[PDB]
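*Asks:* Quick one, structure for this:
(2 chains)
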Amino acid sequence: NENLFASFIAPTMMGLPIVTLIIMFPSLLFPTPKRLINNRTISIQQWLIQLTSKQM
Amino acid sequence: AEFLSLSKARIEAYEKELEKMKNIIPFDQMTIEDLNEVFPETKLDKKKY
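*Replies:* Numbers count the residues shown, from 1 in each chain, chains lettered A, B, ... in the order given. Here you go:
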């Protein structure tokens, strides 16, 4: 009888706030450049696609 | 002399092509359309790989 765990009883809530903002938001994390050489933060997004476009 | 007649313009057109080829390379970070002359683009579903 050394280490007694505890618990807390509380409702676990998957509520539903305003969704159509939250859906659009991980689009603006990815930009798209109209340039030949890019700016070393799109350039590791652009490489990550050219891997898994070569497996599907 | 038809080779000296016809290919003389083919020499100068190739000589003028060496002038514009110097123009295109430019700065390292130059353009996404000026590099779209030598390296090609095509219509839908050309590049297989």
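
*Asks:* give me every residue that touches the residue nearest in space to the middle of chain B.
*Replies:* In chain B, the centroid-proximal residue (CA atoms, centre = their mean) is residue B:38; its distance is 5.4 Å. Residues near residue B:38 by CB atoms under 8 Å, 6 or more residues apart in numbering or on different chains: residue B:24. Where you see a C-beta, it was placed from the backbone N, CA and C, and this is true even at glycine.

*Asks:* now the end-to-end length of stretch A:32-52.
*Replies:* Distance across stretch A:32-52, first residue to last, is 18 Å (CA to CA, to the nearest Å).

*Asks:* Just list the residues touching the closest residue to chain A within chain B, thanks.
*Replies:* Relative to chain A, the nearest point of chain B is residue B:29 (4.4 Å; CB to the nearest CB). Taking CB under 8 Å, 6+ apart, we find residue B:29 in contact with A:35, A:36, A:37.

*Asks:* For it, grab phi and psi.
*Replies:* Phi and psi for residue B:29, reported as degrees, to the nearest 10, are phi -100, psi 40.
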